Amino acid sequence: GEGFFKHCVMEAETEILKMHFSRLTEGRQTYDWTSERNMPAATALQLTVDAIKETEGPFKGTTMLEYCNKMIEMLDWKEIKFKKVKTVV
Amino acid sequence: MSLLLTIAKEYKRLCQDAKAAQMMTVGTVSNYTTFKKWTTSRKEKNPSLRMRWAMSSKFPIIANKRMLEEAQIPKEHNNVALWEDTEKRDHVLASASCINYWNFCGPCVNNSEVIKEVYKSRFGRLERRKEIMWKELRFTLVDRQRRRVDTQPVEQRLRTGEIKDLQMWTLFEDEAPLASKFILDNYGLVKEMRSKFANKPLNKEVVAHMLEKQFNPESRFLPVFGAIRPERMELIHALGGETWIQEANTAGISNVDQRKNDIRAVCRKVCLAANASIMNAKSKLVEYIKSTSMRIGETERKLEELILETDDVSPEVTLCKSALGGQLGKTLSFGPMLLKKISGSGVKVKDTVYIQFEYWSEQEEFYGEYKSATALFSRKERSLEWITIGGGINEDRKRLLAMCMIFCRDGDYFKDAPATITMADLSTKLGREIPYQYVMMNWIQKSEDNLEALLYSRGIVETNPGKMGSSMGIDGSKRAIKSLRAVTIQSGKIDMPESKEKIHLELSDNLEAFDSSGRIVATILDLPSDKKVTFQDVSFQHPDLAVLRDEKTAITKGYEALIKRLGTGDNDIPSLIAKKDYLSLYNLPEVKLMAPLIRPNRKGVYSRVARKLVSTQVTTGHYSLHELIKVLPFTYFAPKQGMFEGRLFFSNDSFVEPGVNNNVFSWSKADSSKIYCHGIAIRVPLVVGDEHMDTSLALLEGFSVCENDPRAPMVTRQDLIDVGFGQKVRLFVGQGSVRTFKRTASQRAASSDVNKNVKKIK
Amino acid sequence: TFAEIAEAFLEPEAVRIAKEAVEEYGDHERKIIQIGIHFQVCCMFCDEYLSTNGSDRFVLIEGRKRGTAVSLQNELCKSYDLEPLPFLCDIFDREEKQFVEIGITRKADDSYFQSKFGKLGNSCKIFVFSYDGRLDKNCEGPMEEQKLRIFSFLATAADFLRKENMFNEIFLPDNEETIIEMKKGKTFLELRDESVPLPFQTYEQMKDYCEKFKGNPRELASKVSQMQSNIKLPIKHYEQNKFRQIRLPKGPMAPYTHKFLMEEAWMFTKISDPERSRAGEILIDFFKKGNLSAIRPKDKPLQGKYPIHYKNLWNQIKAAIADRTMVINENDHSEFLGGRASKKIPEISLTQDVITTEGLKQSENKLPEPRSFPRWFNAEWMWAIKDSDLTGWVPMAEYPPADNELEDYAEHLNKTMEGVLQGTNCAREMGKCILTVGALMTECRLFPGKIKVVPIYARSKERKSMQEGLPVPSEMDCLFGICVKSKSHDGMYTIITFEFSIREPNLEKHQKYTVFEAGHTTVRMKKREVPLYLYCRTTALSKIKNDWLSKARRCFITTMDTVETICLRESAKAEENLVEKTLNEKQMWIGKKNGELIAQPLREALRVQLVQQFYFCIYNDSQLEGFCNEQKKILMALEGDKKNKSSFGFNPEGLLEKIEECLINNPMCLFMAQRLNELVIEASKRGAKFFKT
Amino acid sequence: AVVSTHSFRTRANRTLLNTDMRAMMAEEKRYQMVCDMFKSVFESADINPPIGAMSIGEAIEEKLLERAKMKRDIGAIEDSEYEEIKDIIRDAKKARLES
Amino acid sequence: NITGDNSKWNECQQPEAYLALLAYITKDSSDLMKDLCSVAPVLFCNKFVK
Ligand SMILES: [Mg+2]
Ligand SMILES: [Mg+2]
């Protein structure tokens, strides 16, 4: 072809733009950085988002795009808040 | 009663917890789909081990307390503990053995019938196995490695989205979106399924999950051995593999397999209709499609929803789909042959040569599919570069060879000129010049010597040793004494490629689809079958096929006026029935249209008994809403005390008895539809027929959405039947959103409204 | 596939207008569906209705071409002489003779209406619809039927959008169509702008070189220079056909890695009760009432590493058995596990002891000592191959009902094969493995962190075909020895094996084992009591190993397939039932005796494959894994030479180096190595594309 | 292919709960009871992914009201009991608003 | 024919090269998703390993 890439990308764009970010929980184990441990993707994403919520207010993106936009927004954040467990005797 | 209460109290408790409260308020309901996904049940690292570990302990399993309390003793017969009060979840723990005990001694009766038709899928896949014979032998089999062929086939198979709609409607009403497209058109299956499954509230989730499978042919990529019928697929493993074989199988098949072929013939004729008139091919075929109604073995279904959503893609079927918005790519049709493209590309170029012609100059490698014969070809610069045949029967191999040579288009294509200019050249279809590939094609399809001619047009050589098995004879043998050039047979079949792709583009004015910006997939007219045989098939609207008499069109259209025009509002049948006033009904202007067609001799004597039945049914809970239509037209005339039986109503010498479905009037049982000879019509919105109990919630709808202003009382769906016409009311829809409606004129011109405007703009 | 989406819910031809409009009017692939609504929304509104005159009530302007839509909007200036509006509206009424324009918004209506109203004021009849049924309008609303049908369409469309979850994308220009850009955080932009490979630093320059790329044919010369620099090895098989035979390690002879002893192991018969045996944990308790109680070893042991400990423990077992099969020890347990803990030190306090080095602080790791090819292995294989007097060990289930065609075959083949392989000693060991490792696997759940006495047993029924009516074929279970559990470390369990034997121990292979002189046991036959030795050791069991070793039956299957295939492939040639014939006639090369290559029929050389698979189960070390997974290359090169396919291998020294590398101290691994040597040899002798030293 | 006469849940090990991982899981359980609650209200929730431009709580409230009215009008449940349910609903709406 | 197996397949490949290749593919498609393609590699061009 001559538009091989253009079209393949089209298909990609379509599927992704549709996608609800909850489907991101589907997959292998990934690194939760809140507790700095490995987790099943679902629980790790739960913490990630929950943290975003407690830092700056609940997430209303409902899409992979707005998720990604928030991701890039957090790099500029000077301060971030976590759900971290500290036991006291 | 407290079942609904304790839920409310729970909600109170949960919304008091601010943390849970805010997450419950913010956002759509769609969040549930995400929320559920934030819980895996448990760790899944070591499956078999975990289970072996699990059952090892005597009391691990989670179980249901309440029901067991109600029906049976919790204590044991051999004095080994079975029950405790110790717990977080409401479900209390118990031993494994108890389950076996209730199976043994539990008190229960009469569940047998309930079961099977829930899993008619599985149970049927059993039933089929009973009816077959057996035989045993061995061979070095050459199986057909890759066919994307339907397995586990079931009647009325459908797409995933639509089946989801069914799933919703049948399982429950309380939370279901009022989904139009599937329900209006495919109603009847809705009736059946909803009827058998809604009444006896059991296994609400499970049944749904298994119905999803019940209409889903698992079209996997599998190795077969010639038996390509979707029925032998289910149990291929027992039938064969590379060294196994079994016998006496073709016989027992579901009624689907032949029904699909019937639809192919349907599409054949429907396409011949558009072929007949070349004033337009686009605006006419679409009409023949949407008009035509199919009758499945147990259901009436539209032709549109069958075509758009059929699995098998035949040359005809391609054309049929092309009219609609149905993407079914990866398919290439040329005459009777089927092809797939696997390599390279090139542009369509024009080349006049002495016998204008379209030739392709691509180094393209494609796959050849013909009856009982498969092959691989590659063309470069309008001539076949590489060729290999994996066919079974010699003849079919030769056919392959030929057809593919045609598509190939060498210089020898031009050399052979017996006739053509006389007949094949110009096609007698409003003076339309038929395309040239298809011309020589038809020339070869004509006679036996025409095959021999171009078969000889290829270079012939005495093949070398080492090509003894590979070489192809003119007659189609493997002798290799004399053989064709640029061709070698393969001892065995040839694999078929597959691509998960969807492509669609409009069609040209001569039944040509230049899909994917070219590619000539449409093949014009595949097969010139001039035959007109049909069984239990409906057609409509100046079909150009004469099945419509003058007297029968008078009767039928006369009925259609009444049936069709009545439903919208006041002074139409529904409102009249609700008022219990049957006079206005008699005096209806659409009945007057029907008056003059009745037999004059007994006109009053008929009207007598007619006016009787209609009046007797006026009391509610006794009227048959079908019968009323059948009886009404005769009532118009003044009722004379005939005292002579009026069972046979001569409407221009043809009778219409009460009940007793006949030629003129078919009173179908258990679903809303009625046949008038070779034609069918039905009205959906106001049928409360006594028999339509299960879908008196579904069927009553002719409503639509307006505005949300009136604080219309939140009525339940069952309460919707009572609110009369022109009444704006409020209702809960689907899984959250609440909207408002009134008794409406149904949605109209879904397609045409746009289509005509689009035609006007040009 | 936006067309796929639009055409699925919208009207087929209605989409075509969107697709065309998107090429010129704007340029966004997704937005088709957005306008796909609006467009259709209009047509339904304006078609069914006609004026009192012959002409239609409304005329559509939106769907048309732009430049044409202008001049057609100028027609209204001629017809009705109203102010020529700058903004091109959608539809023109003729009964009302006024401008009509339709808007559709997801959110609360006011939000968008105030926008469009700001654009055109009262100059046009502006009608704005929400999908939900929210309504906002100019002064007069459309006729009562068209309202109903349009809202009905919009609501259903909405539900299809929610099912595909496309929402924020759909919003109208002023609201969200503008903000379709990817968010650009300075952090990110910087990271990107120094993530680039090329001499170019700014991303933009990298972008340009990419987008404006057209490669010339200089990669031919780039490839030839790459080739000259490559000096890539063009290798031939005839040249390296030697493969330096196969390298093998030199040192102490490898030991008995299997958790249990096979060949030398000794049995103790007991005729089982269905209700007594059922416990399986009481088996030994009922055994002890027999002769077992008598046996006691001397303090002075042959070839023993920790005599007194093992002797004491034996006494602790024997004593336990009388009362209950548990070892009542809190402290002896800890040592016995140890035969140890390492007390830990905080880094924080450690800094001073680095400054003041004490306790001799250092760091080292250790490696395993290489061993040499075993001799005993051959004898073990030869013993496992032959049939035992006891009939069957592995509990196999019943057979299913049969139809003539296929089932008769399967059922027959299975009954025959099971018949052969159940009699073998290999099967014996499979049995004891399964039953005992099963017993432990239960004991880990039953009493964790506890010390328990578990038997080493296997179940068998004896079969008698003397053709006489005997009392019965003998139904029983026999014992190999006693075993001790110790839970430690979740992780690997520590286990202590005690096996009876009648054979004199060999220091070379039983190095891990600690032997005693136990006593004398009676052995007899008729058509003599030999001294009894007690073998003791300790070993490590991973829960994983417990699992995979428990399910030893699996080995049967991998044999089966391997066997069966041969019979079909053969028979499939002659298209005849040659299974029965092939099993008995087809000859498989099994061994060498007196320097002569031997072969046995497939039915008895079946035992070989079975044993081979059983060993694969037992002797599985990461070593073995690597061995086979590199050995395959050897085998493929071999058959390459067989059918004269003129093979080649690029760096055989490297291959043989990896093969060597994975050969450490694994009896099986090495055994197979040496046997592959002999293969290479005899093969070289048949047809020469190999070496012999 | 799934057959239905025996279907049961395997109890999770007492390992993840003892560690601090449970102190984290205190959030996940708050998701659970909600999901369980909504599913008790809407039957097809798991089967059909719930849709519509509504909050979860709002749909829950209105649906509860519909089921209450249904059971009252024709079914066997008292009127003062229906009003008691209405009271619980509105009282729940207060706590919902405050957040 | 040759049976080809590769060693250290991942170690050799570089996200730096993937960034460029992704920029080549997304050259024409869209400037709204091109920027969403280029982001994935740069997080591996600047990656930290525990
Ligand atoms: Mg406009
Ligand atoms: Mg507009």
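Scroll up a little and you will see the structure.
Residues numbered from 1 in each chain as written, not as in the entry; some residues may be left out. Chains lettered and ligands numbered in written order. Part of a larger assembly, values for the part shown. Heavy atoms only, no water.

A. Broad picture of the pattern of salt bridges. Residues and elements named next belong to chain B. If you walk through the whole model with that rule in mind, you get 85 salt bridges over all chains. Across the pair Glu173 and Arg194 runs a salt bridge, and its minimum N-O distance is 2.9 Å. With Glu173 in the loop between α9 (160–171) and α10 (180–186) and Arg194 in helix α11 (residues 189–198), this pair connects stretches of sequence that are 21 residues apart. Accessibility expressed as a relative area gives 7% for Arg194, which makes it buried. (Salt bridge = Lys/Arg side-chain N within 4 Å of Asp/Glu carboxyl O. Helix = DSSP H or I, 4+ residues; strand = E, 2+ residues; numbered from the N terminus. Buried < 20%, exposed > 50% of the residue type's maximum accessible area, 1.4 Å probe, protein only.)

B. Expanded view of the sheet that holds strand β11 (residues 364–370) of chain B. Residues and elements named next belong to chain B. Strand order in the open sheet formed by five strands is β7-β8-β11-β12-β13, and the pairing between neighbours is antiparallel. Each having just a single partner strand, β7 (332–334) and β13 (383–389) make up the two edges of the open sheet. Looking at each pair of strands side by side, their axes are set apart by 30° on average, direction ignored. Together, β7, β8 (337–341), β11, β12 (373–380) and β13 form the strand contacts of helix α19 (residues 394–408), whose direction differs from that of β12 by roughly 25°. (Pairing = 2+ DSSP bridges. Axes fitted to C-alpha atoms, helices over the stretch in contact; angles between N-to-C directions. Contact = heavy atoms within 4.5 Å.)

C. Inspection of unusual backbone geometry at higher detail. Positive phi, normally seen in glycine, also occurs at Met643 of chain B, with a value near 60°. In this fold, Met643 of chain B is placed in the loop between α28 (625–631) and β18 (674–675). Phi at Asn644 of chain C is positive, roughly 55°, even though this residue is not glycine. Tracing the backbone shows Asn644 of chain C in the loop between α25 (622–642) and α26 (652–661).

D. Expanded view of the sheet that holds strand β1 (residues 58–60) of chain C. All names here are of chain C. If you walk across this open sheet you meet the five strands as β1-β2-β3-β4-β5, and the pairing is mixed. The sheet is open, and its two edges are formed by β1 and β5 (135–137), each paired on a single side. On average, each strand axis in the sheet is inclined to that of its neighbour by 20°, with strand direction left out of account. With two bridges joining them, strand β2 (residues 91–93) and strand β3 (residues 99–105) adopt antiparallel strand pairing.

E. Fine view of the interface of chain B and chain D. If you look at the interface, chain B gives 72 residues, while chain D gives 63 residues. Summed over both partners, the interface of chain B with chain D buries about 6,700 Å², with 63% contributed by carbon and sulfur atoms. Interface area lost by chain B to chain D is led by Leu4, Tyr11 and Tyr32 of chain B, which between them contribute 11%. Applying the counting rule to chain B against chain D returns seven salt bridges. Across the pair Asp174 of chain B and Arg67 of chain D runs a salt bridge, and its minimum N-O distance is 3.2 Å. Run the count over chain B and chain D and you get 20 residue pairs in polar contact. When contributions to the side of chain B that touches chain D are tallied by element, the ones reaching two or more residues are α1 (2–16), α2 (18–25), α3 (31–36), α6 (97–105), α9, α12 (204–214) and β21 (729–732) of chain B. Ranked by residue count, the leading element in the side of chain B that touches chain D is α1 of chain B, at eleven residues. (Buried area = accessible area lost by both parts, 1.4 Å probe. Polar contact = N/O pair within 3.5 Å; in protein donor to acceptor, adjacent residues only side chain to side chain.)

F. How the structure looks around the coordination of the magnesium ion (ligand 1). Residue and element names in this part refer to chain C. Bound to the magnesium ion (ligand 1) on the protein side are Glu62 (OE) and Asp90 (OD), at distances that span 1.9 to 2.1 Å. Separating the magnesium ion (ligand 1) from the magnesium ion (ligand 2) is a gap of 2.9 Å. With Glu62 in the loop between β1 and α4 (66–73) and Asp90 in the loop between α5 (75–79) and β2, this residue pair connects regions lying 28 residues apart in the sequence. On the basis of relative accessible area, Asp90 is assigned to the buried category, the value being 2%. (Donors = N, O, S within 2.8 Å, 3.2 Å for Na, K, Ca; no water.)

G. Main features of the interface of chain E and chain C. On the chain C side, the residues contacting the 18 residues of chain E number 17 residues. With both chains or domains summed, chain E and chain C bury close to 1,700 Å², and 66% of this area falls on carbon and sulfur atoms. At the junction of chain E and chain C, the tally comes to one salt bridge. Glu211 of chain C serves as the salt-bridge partner of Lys34 of chain E, at 2.4 Å between the closest nitrogen and oxygen. Where chain E meets chain C, there are three residue pairs in polar contact. Broken down by element, the residue count for the side of chain E that touches chain C peaks at seven residues, all from helix α3 (residues 34–45) of chain E. Classifying every residue of the side of chain E that touches chain C gives eleven nonpolar, three polar and four charged. (Nonpolar A, V, L, I, M, F, W, Y, C, P; charged D, E, K, R; others polar.)

H. Structural detail: the state of the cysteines. Applying the stated rule across the entire model yields one disulfide over all chains. With a sulfur-sulfur separation of 2.0 Å, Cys267 of chain B is cross-linked through a disulfide to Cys320 of chain B. One quick way to see it: the torsion about the S-S bond of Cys267 of chain B and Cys320 of chain B is about 125°, and its sign makes the bridge right-handed. Pair noted here: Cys267 of chain B is in helix α15 (residues 256–276) and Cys320 of chain B is in helix α18 (residues 315–323), with a separation of 53 residues, a long-range link. With relative accessibility at 1%, the residue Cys320 of chain B sits in the buried group. There is no disulfide at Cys210 of chain C, and the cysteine sulfur nearest it, in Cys45 of chain E, is 12 Å away. (Disulfide = S-S within 2.5 Å.)

I. Structural context of the environment of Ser35 of chain A. Its location among the elements puts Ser35 of chain A in the loop between β1 (30–32) and β2 (37–39). A polar atom in the side chain of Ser35 of chain A sits 2.7 Å from the side chain of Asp32 of chain A.

J. Here's a closer look at α3 of chain E. Under the 1.5 Å per step criterion, the end-to-end length of α3 of chain E is 17 Å for twelve residues, consistent within 8% with the ideal 16 Å. If you follow the buried residues of α3 of chain E, they end up packed against α9 (186–193) and α10 (203–211) of chain C together with α2 (15–25) of chain E. (Expected span 1.5 Å × (residues − 1).)

K. Broad picture of helix α3 (residues 64–76) of chain A. Those residues of α3 of chain A that sit buried are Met64, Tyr67, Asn69, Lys70, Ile72 and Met74 of chain A. Those residues of α3 of chain A that are buried are in contact with α1 (4–18) and α2 (41–56) of chain A together with α9 of chain C.

L. Main features of a negative patch on the surface. The grouping of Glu78, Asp79, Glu83, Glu84 and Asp87 of chain D at the surface amounts to a negative patch. Relative to the helices and strands, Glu83 of chain D resides in helix α3 (residues 79–98). (Patch = residues over 30% accessible without salt bridge, like charges linked within 9 Å, V, L, I, M, F, W, Y side chains within 5 Å. Areas by Shrake-Rupley, 256 points an atom, 1.4 Å probe, with all protein chains shown as cover. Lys, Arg positive; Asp, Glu negative; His and termini not counted. Charge placed at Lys NZ, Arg CZ, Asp CG, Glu CD.)

M. Representation of the nonpolar core. Counting 63 residues, the largest nonpolar core has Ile289, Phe377, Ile389 and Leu400 of chain B as its most contacted members. Ranked by residues supplied to this core, first place goes to α19 of chain B with nine residues. Sequence-distant contacts of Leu400 of chain B, that is, excluding residues within four places in its chain, are made with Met337, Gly368, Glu369, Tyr370, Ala373, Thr374, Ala375, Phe377 and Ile389 of chain B. Core analysis: the second largest hydrophobic core is formed by 54 residues, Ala712 and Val723 of chain B together with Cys43 and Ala158 of chain C among them. (Core = buried A, V, L, I, M, F, W, Y, C linked by side-chain atoms within 4.5 Å.)

N. Representation of the arrangement of the chains. For this structure, the chain pair with the highest number of contacts among eight pairs of chains in contact is chains B and D. Chain B shows no contact with chain E. Their nearest C-alpha atoms sit 18 Å apart. For the non-touching pair chain D and chain E, the nearest C-alpha separation works out to 21 Å.

O. Fine view of a positive patch on the surface. Together, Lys632, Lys633 and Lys658 of chain C together with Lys8 of chain E line one region of the surface with positive charge. Checked against the element boundaries, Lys658 of chain C lands in helix α26. On the basis of relative accessibility, which here comes to 42%, the residue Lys658 of chain C falls in the partly exposed class.

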